[PDB]
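Next up: just one chain, as structure tokens, the form deposited in one PDB entry.
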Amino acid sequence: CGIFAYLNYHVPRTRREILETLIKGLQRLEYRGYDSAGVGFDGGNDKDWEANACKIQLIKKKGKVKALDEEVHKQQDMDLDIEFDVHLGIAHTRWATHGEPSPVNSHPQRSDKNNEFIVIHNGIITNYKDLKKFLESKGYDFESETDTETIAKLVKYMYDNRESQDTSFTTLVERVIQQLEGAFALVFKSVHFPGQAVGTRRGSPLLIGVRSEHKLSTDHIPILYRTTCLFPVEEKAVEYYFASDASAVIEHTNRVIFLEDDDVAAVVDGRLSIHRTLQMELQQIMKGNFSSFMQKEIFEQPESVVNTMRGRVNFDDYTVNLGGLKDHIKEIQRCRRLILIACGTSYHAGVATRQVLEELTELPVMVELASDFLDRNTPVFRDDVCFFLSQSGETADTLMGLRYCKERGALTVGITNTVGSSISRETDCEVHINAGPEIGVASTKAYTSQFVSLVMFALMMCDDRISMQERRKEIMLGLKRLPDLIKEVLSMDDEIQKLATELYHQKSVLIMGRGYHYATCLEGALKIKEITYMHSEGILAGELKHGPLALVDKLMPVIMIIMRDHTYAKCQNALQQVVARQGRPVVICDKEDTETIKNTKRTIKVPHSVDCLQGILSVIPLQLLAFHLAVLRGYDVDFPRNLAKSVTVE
């Protein structure tokens, strides 16, 4: 889901400049939800913009944002030339996880057939059914099945029973949130409060951008309780940008005000009051010269790996320092167990580093899927160190596992790629993988950056063990050489594309690996599932003989991973078993693995690295393969079907 609104106060914008700003704001947020979209602006065709704020127009349509961009245009009733000196427009892209992604279920919702109050909502109201029966008995009719409509039909109920003729828009919103349960990030608009916007949040992101050629009256808005507002000093020119993400606002200004839970922001008379510089460059959210975000993010891994280690890894003296842990590493080493909790590819990053964490810490290491971790009420203890891997820092199950472990007194550590996220804030300490914004739905650099981050932690946990000095040096030299080796893998892009032309027509593919490459075959199978829609499955190589090997014949595509580590011989037995079953597999192996290369037709030869880093090099070909397969099948790699990025609700 995504939220974006544009409030231009005494900065004249025509109706086309606003609609093109609402759509352009949703395009920056489309990667969070692309099942439907909508916009809410002022209607009417009066040359005097003042006589139009009493008419709200809603243009909602099913599909991505490009389906709404064309629905907004070529309309016969909306004159796009009216100049508005003061105007508020709200927009929203929706991730329809339930029901149909129809225009009636898309946002902004409405409170009646005349649009007196329209709201855009990100989250879930855990008591909308009770609010739907109370509002229906008073005389309100419902049109949609979404839980957002109960917020629109309720802000009007507080307006129809107010005590004074001029109850501020904040008071109406404050009474609403008091009746809403669960999480929500809202942005209201009403004809009765022209140009006024109200932004409240609870368990969901919501910031407010500001731009103005004049000086701002302060840089610390004081929270109020039922010399106070943020506004231009001498003049009135100001532009606000409500949004649930920082990408929809960086293009216009890098000055935002990250709200907090229960903070009811409100723009009145062009002044921002709360009741109760961004460190990002636009180039980071631009595809550049690549045709897709995913392809850029795969080919930027040489850089993102370097950024993850910047200011943390010194190769002249072989020292590792994660500043985020400087005030806890001592207490972390007196703990007795590591628990890694995450979902999806973040969980695979844990599987990919579990062995080296066990090796260098000598502690038990338990890697848990967040959803199952919660279902079982897993035992947690005060001397447990619990890591929570989340590219977004907002994943529902991972965040709930965090609060679960905090309640039991465990030491909590956040491995995130989003500063200010829930997981990064609520953990005792934090490590920011610093991989840059990830716009593609599939995690590519986030995986390898989480990988490297956990290896760097492992290197801190053994920096006082004489017997492990050489092992640490081996690994750090591998990290020094890792960016260049990633480039070597990317230079085989064309070779991967050719092998993809031999598989795009297949329905299934088994990816097999063990040891350090169990995670590789799991993550590779998830990528091929997510963007290619082929039935790809990861199979632990050691488990073939126990049943799954029966599925292999000359028709079943197979990809195997055979690297030069301590499992090489065992991986050769699995390969011999596959061949005996008439399998003709593609083997990802080391360049110097002459034996494997001679006896196998299709081989992807990757350069050798340290055994505990090879997983980074062996997964990249499967990222590229998934990409090429998706292209061959006519799919879009930046907008896979049936889901979006970051699972923040239930």
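Heads up: residue numbers just count along the shown sequence, starting at 1. Between two forms, the rigid core is the largest collection of C-alphas that superpose within 1.5 Å.
Omitted here: the form deposited in another entry. The next part is about that form.
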Please name the single residue among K445, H517, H348, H121 whose Cα shifts by at least 2 Å between the shown form and the other one after core superposition. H121
So, superposing on the core, is the move of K47 at the CA at least 2 angstroms between the shown form and the other one? yes
Rigid core superposition, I18 Cα moves 2 angstroms or more between the shown form and the other one: yes
CA of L80, rigid core aligned, shift of 2 Å or more between the shown form and the other one: yes
Note whether the distance between the C-alpha atoms of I257 and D428 decreases (closer) or increases (farther) in the other entry, against the displayed form; the change is 3 Å or more. closer
Hey, the CA atoms of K64 and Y447 end up closer or farther in the other entry than in the shown form, with the change being 3 Å or more? farther
